[PDB]
Amino acid sequence: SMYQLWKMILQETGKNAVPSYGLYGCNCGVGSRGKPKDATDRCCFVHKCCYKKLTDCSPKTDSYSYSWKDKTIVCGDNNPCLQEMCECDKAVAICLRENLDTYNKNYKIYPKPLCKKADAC
């Protein structure tokens, strides 16, 4: 569930998801996709295709089980679909986090006509 992914991204990067990423680059948005503007933008792009794998559980509201093994996210729980979901989320939080030094305030609230054709998943 977004709230989970939201907690995840927080303890990971130390930032508020929606605010700093919710509208970032060309992919991060809600119903947006196109050639990624950078490391972070790509992250979102990939986090999208990943979610496109769970055809038996909604990543929006379905809450999966996970923990934090000393500063590290660790899914492992019941069901399988919840897992893919939980695993995608962790790959996003670690992505967005690996490129903090690349976050660009100019993408924070990126227009749209400023984008291009989205890459194929």
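Rules behind the numbers
- Residues numbered from 1 in each chain as written, not as in the entry; some residues may be left out.
- Heavy atoms only, no water.
- Salt bridge = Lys/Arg side-chain N within 4 Å of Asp/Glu carboxyl O.
- Helix = DSSP H or I, 4+ residues; strand = E, 2+ residues; numbered from the N terminus.
- Buried < 20%, exposed > 50% of the residue type's maximum accessible area, 1.4 Å probe, protein only.
- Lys, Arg positive; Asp, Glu negative; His and termini not counted.
- Polar contact = N/O pair within 3.5 Å; in protein donor to acceptor, adjacent residues only side chain to side chain.
- Disulfide = S-S within 2.5 Å.

- For this entry, the PDB record names X-ray crystallography as the structure determination method and reports a resolution of 2.8 Å.

Considerations on the pattern of salt bridges
Next up, step 1: Within the structure shown, the criterion is met by two salt bridges.
Next up, step 2: Residues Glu-12 and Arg-97 are paired through a salt bridge, measuring 3.6 Å at the closest nitrogen-oxygen approach. Here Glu-12, found in helix 1 (residues 2-13), pairs with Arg-97, found in helix 4 (residues 81-98); they are 85 residues apart in sequence, far enough to count as distant.
Next up, step 3: Here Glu-12 falls in the buried class, since its relative accessible area comes to 9%.
Next up, step 4: One salt bridge connects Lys-71 with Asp-70, and the closest N-O pair in it is separated by 3.7 Å. The pair formed by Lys-71 and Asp-70 is uniform in burial state, with each residue classed as exposed.

Re the side chain of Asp-38
Next up, step 1: Here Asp-38 is to be found in the loop between helix 2 (17-20) and helix 3 (39-51).
Next up, step 2: Buried charge without a salt bridge: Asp-38, with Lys-37 as the nearest opposite-charge side chain at an N-O distance of 6.7 Å.
Next up, step 3: At 2.7 Å, the side chain of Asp-38 forms a polar contact with the side chain of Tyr-24.

Quick look at the state of the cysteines
Next up, step 1: Taken as a whole and judged by the stated rule, the model has seven disulfides.
Next up, step 2: Sulfur-sulfur distance for the disulfide between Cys-28 and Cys-44 comes to 2.0 Å. Judged by the sign of its S-S torsion, about 90°, the bond between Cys-28 and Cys-44 is right-handed. Here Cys-28, found in the loop between helix 2 and helix 3, pairs with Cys-44, found in helix 3; they are 16 residues apart in sequence, far enough to count as distant. Accessibility assignment for this pair places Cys-28 and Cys-44 in one class, buried.
Next up, step 3: With a sulfur-sulfur separation of 2.0 Å, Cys-75 is cross-linked through a disulfide to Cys-86. Torsion about the S-S bond of the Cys-75 and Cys-86 cystine: about -95°, corresponding to left-handed handedness. With a gap of 11 residues between them, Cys-75 in the loop between strand 2 (73-74) and helix 4 and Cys-86 in helix 4 connect regions that are remote in the sequence.
Next up, step 4: Overall, the relative accessible area of 9% leaves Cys-75 in the buried class.

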